[PDB]
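The structure appears right after this line, and notes come after that.
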Amino acid sequence: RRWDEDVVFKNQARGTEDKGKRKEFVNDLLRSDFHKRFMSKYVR
Amino acid sequence: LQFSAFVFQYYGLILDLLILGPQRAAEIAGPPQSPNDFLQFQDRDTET
Amino acid sequence: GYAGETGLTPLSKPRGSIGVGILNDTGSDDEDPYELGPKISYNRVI
Amino acid sequence: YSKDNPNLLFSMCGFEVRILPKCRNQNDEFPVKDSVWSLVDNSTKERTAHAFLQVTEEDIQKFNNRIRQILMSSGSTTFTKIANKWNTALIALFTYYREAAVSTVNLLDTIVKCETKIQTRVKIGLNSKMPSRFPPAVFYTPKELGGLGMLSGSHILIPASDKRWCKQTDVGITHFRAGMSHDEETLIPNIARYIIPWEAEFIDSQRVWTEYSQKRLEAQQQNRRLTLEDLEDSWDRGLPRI
Amino acid sequence: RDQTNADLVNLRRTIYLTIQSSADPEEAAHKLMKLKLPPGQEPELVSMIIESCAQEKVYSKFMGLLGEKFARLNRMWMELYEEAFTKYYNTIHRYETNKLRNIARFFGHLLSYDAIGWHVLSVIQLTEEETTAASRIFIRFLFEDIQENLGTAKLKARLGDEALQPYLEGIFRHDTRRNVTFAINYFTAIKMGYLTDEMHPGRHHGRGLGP
Amino acid sequence: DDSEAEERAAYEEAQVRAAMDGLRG
Amino acid sequence: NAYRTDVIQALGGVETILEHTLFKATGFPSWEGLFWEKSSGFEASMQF
Amino acid sequence: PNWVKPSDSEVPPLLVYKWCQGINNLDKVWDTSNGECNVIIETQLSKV
RNA sequence: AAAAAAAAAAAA
């Protein structure tokens with residue numbers, strides 16, 4: 001018996017490793033990746 | 001909210017069903033008539 | 001002849017020391033360090 | 001854990017655990033301390049493993065931040081209030097993390113530095129930092145005798161110079177001294193010594209509650225009601241307590 | 001003379017506070033060896049360390065390790081702990097049940113890792129007269145501790161050796177079949193009838209009262 | 001009170017089942 | 001509470017601790033029977 | 001079910017202890033001669 | 001193989 005056959009959702013993590021094709025500087029500080037990482041780190 | 005713990009434990013139980021799959025969740029939780037203890041199964045058959 | 005609504009009771013509840021201040025007594029955060037919680041009243045039966 | 005990696009690593013609820021079984025052990029001698037856990041196989045009732053316990057670095061930083069929050073609080077200039085807050089934080093830390101806490105070097109260093117910071121706050125409240133001006137009797141005397149009532153997780157010497165007292169009786173002045181001609185010094189007690197370890201309370205809880213189950217079954221057999229009298233040696237025992 | 005005994009009380013207080021202020025069960029031994037001592041009071045130190053293990057609510061591995069590091073050192077400490085085990089077995093009945101369990105766990109830790117020799121067990125006398133109820137409780141707890149640390153196969157392997165048979169004659173009795181049946185029944189009642197393998201009352205034909 | 005005795009007993013098996021986790025199985 | 005007893009014993013005793021303090025300047029004959037008031041009448045007066 | 005924690009039957013140190021005892025009581029958990037491996041994954045549900 | 005003033009107590 002294949003173990004991962006009764007799982008409801010499959011291949012939901014496809015398209016996640018595609019981060020970092022090219023680094024995009026955004027000239028909006030509240031929308032940059034640095035601020036989002038900051039706020040996800042410090043506000044839980 | 002005062003009932004947020006209950007609502008999130010139920011929602012996370014649903015996500016536990018998503019993670020485990022309903023059959024393995026039923027095997028881990030045990031039957032409704034005789035529920036399993038924590039981290040224990042009925043027999044070495046169902047565990048493996 | 002009216003009995004009225006009965007109430008509910010709250011769910012149970014070198015002497016001394018130098019004080020912590022009358023304004024830093026806040027909510028009396030200190031009761032006792034050596035054991036936790038209020039004094040648990042006990043029965044003798046079960 | 002594989003053919004060639006014999007350690008199982010995880011972290012849970014404050015505890016960083018390394019499980020090592022007593023099969024793939026190159027160490028023929030076992031340095032089993034109170035932190036190390038003998039994991040018993042039930043089908044043989046045989047100690048087959050050893051869970052080494054430590055406190056995670058995030059929780060050491062949590063305790064450090066708790067002391068910093070204590071030192072930044074509103075009432076952190078009154079010596080009794082700052083001592084009570086330190087006592088609550090230290091009791092919480094040690095009574096939660098017990099034998100895992102006594103085996104973490106970084107946590108003990110953090111406890112020493114934070115206790116030093118609390119005492120330094122007390123000293124700055126008096127505009128001095130002279131070590132001879134504040135003997136351990138100033139901090140660690142119980143609040144009943146006018147002291148601060150601080151508890152220590154550090155290891156602090158009490159010198160023989162602070163061990164003398166004089167009394168004026170009707171025949172004159174007599175200088176009494178405890179510890180006559182003893183070159184050692186008594187140390188401030190460690191709070192970790194006054195808390196029973198977790199594995200000890202797990203084993204004792206199992207033993208006590210099985211004895212209670214036996215006692216309840218035999219007491220309902222003779223149709224007598226359970227009292228305080230037949231549960232005395234198991235009074236402050238068990239998880240949950242009797 | 002000093003009837004108030006300033007030296008003994010002061011030494012016991014310094015030893016107790018040296019133990020009580022230590023976290024590691026290597027730090028306590030290190031600071032206890034640093035204590036300057038008049039030429040012999042080591043029986044007092046052994047009595048105080050075993051009494052400190054007795055005072056605990058539940059036995060901890062602190063006291064077991066602390067006694068053990070006072071047994072992997074030179075031989076006189078090991079002989080002192082063997083004499084202490086003999087003294088505490090002959091003075092079992094002045095002790096409560098949990099205190100006796102702490103003593104039994106301490107000595108089981110000392111015996112499991114070969115900190116002291118497996119020849120002091122000859123002090124155990126499995127008879128009706130020489131063994132009270134508290135002595136039976138102490139034997140039960142100590143052998144349970146030895147089973148927990150070592151295991152059933154280890155207990156079968158070590159005690160079935162030819163050399164320790166004179167030192168195990170007080171437990172593995174082979175003279176009177178009444179004592180053999182007492183030992184077999186007592187070991188069966190405490191879930192350790194497996195090591196009653198060499199106790200063979202069928203082939204004691206000398207006391208063959210029944211056909 | 002019979003109901004009070006019943007629900008205090010319910011507390012009693014609640015505490016025993018809390019203590020008997022894994023041992024009961 | 002054994003911590004309290006053993007920290008009293010670790011600092012020499014009650015008499016050494018009281019020797020560190022202004023106990024003999026109070027003129028109180030014995031330590032036993034001496035209680036601390038937490039606040040003062042003036043201090044509790046100036047509360048709100 | 002039994003996997004949903006915090007449960008009222010235990011303190012979190014008892015949860016860690018029962019995790020260790022349940023790892024140690026699995027069938028041939030430490031046997032690794034036949035190429036078997038044990039994986040333990042500890043993670044968090046992000047933005048749940 | 002052994003580390004010890006100011007804020008802050010207000011212009012006839």
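A short reminder: the numbers here are calculations on the coordinates, not readings from a lab. Counting neighbours? That spans all protein chains shown, and the Cβs are built from the backbone with ideal geometry, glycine included.
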Exercise. Hey, what does the equivalent ellipsoid look like for segment E:110-156, semi-axes from the Cα gyration tensor as sqrt of 5 times each eigenvalue, largest first, whole Å?
Worked result: 21, 13, 9
Seminar exercise, completed: For segment E:95-211, the Kirkwood Rh over every pair of distinct alpha carbons, in Å, works out to 15.1 Å
For this session: Treating only the Cβ atoms of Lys and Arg (+1) and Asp and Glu (-1) as charged, compute the dipole magnitude of chain E about its Cα centre; round to the nearest 20 debye.
Result: 340 debye
Exercise. If you bin every alpha carbon distance in segment D:35-114 into 5 Å steps from zero, what whole percent lands in each bin?
Worked result: 3, 14, 21, 18, 13, 10, 7, 5, 4, 3, 2, 0
For this session: Pop the C-beta distance of G:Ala25 and E:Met33 into the FRET formula with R0 = 45 Å and round what comes out to the nearest 0.05.
Result: 0.55
Exercise. What is the Å³ per residue value for the convex hull set by the Cα atoms of the protein assembly as shown?
Worked result: 321 Å³
Problem set entry | Dipole in debye (nearest 20) - chain A, about Cα centre, beta carbon charges: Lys, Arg +1; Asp, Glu -1 | 160 debye
Exercise. How long, wide and thick is chain H, going by the Cα atoms along their three principal axes, in whole angstroms, largest first?
Worked result: 38, 28, 19
Exercise. Where does the charge balance sit around E:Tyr186 when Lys and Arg score +1, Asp and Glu -1, over other residues with C-beta under 12 Å from its C-beta?
Worked result: +3
Exercise. In degrees between 0 and 90, to the nearest 10, how far off the longest principal axis of chain E does helix E:177-189 point, with axes built from Cα atoms?
Worked result: 60 degrees
For this session: Using only the alpha-carbon atoms of chain D, report the extent along each of the three principal axes, biggest first, to the nearest angstrom.
Result: 72, 57, 45
For this session: Could you pull out the longest piece of chain A with no exposed loop chymotrypsin sites (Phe, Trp or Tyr not before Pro) in it, calling a site exposed if DSSP puts it outside H, G, I, E, B and it has at most 11 other Cβ atoms within 10 Å?
Result: A:26-44
Problem set entry | Selection from E:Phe62, E:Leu45, E:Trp77, by position along the positive dipole direction of segment E:7-107 (Cβ) | E:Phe62
Exercise. Using alpha carbons only, how many degrees (0 to 90, rounded to 10) separate the axis of helix A:33-42 from the longest principal axis of chain A?
Worked result: 70 degrees
Exercise. Quick one: if the Förster radius is 25 Å, what FRET efficiency do C:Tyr42 and F:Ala5 give, using the C-beta to C-beta distance and rounding to 0.05?
Worked result: 0.90
Exercise. Once the Cα atoms of helix D:105-124 and of chain D are each reduced to a long axis, what angle between those two axes, in degrees from 0 to 90 to the nearest 10, is obtained?
Worked result: 30 degrees
Exercise. Which is farthest toward the positive dipole end of segment D:125-185 among D:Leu126, D:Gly172, D:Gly149, measuring Cα position about the Cα centre, with Cβ charges +1 (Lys, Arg) and -1 (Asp, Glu)?
Worked result: D:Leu126
Exercise. What longest range of chain D stays clear of loop-exposed GluC sites (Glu not before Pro) (DSSP non-H/G/I/E/B, at most 16 other C-beta within 10 angstrom)?
Worked result: D:30-228
For this session: Anything over 21 Å Cα to Cα? Flag those among D:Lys81/D:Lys123; A:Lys36/H:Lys47; D:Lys22/H:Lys18; E:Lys57/E:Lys191, in the order listed.
Result: E:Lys57/E:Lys191
Seminar exercise, completed: Simple spin-label estimate for H:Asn2/E:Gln55, 7 Å along Cα→Cβ, in nm, reads 4.3 nm
Problem set entry | Calculated [θ] (222 nm, deg cm²/dmol) that DSSP helices of n ≥ 4 give over chain B, each run adding -39,500 (n - 2.57) | -17500 deg cm²/dmol
For this session: Taking the Cα centre of segment E:2-118 as origin, work out the dipole magnitude from +1 charges on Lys and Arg Cβ and -1 charges on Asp and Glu Cβ, in debye rounded to 20.
Result: 240 debye
For this session: Would you calculate the separation in nanometres between label points at E:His174 and E:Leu73, each defined as 7 Å from the Cα along the Cα-to-beta-carbon direction?
Result: 4.0 nm
Exercise. How big is D for segment E:30-175, in µm² s⁻¹ as a whole number, if Stokes-Einstein is applied with the Kirkwood radius of its Cα pairs at 10 °C and 1.306 mPa s?
Worked result: 99 µm²/s
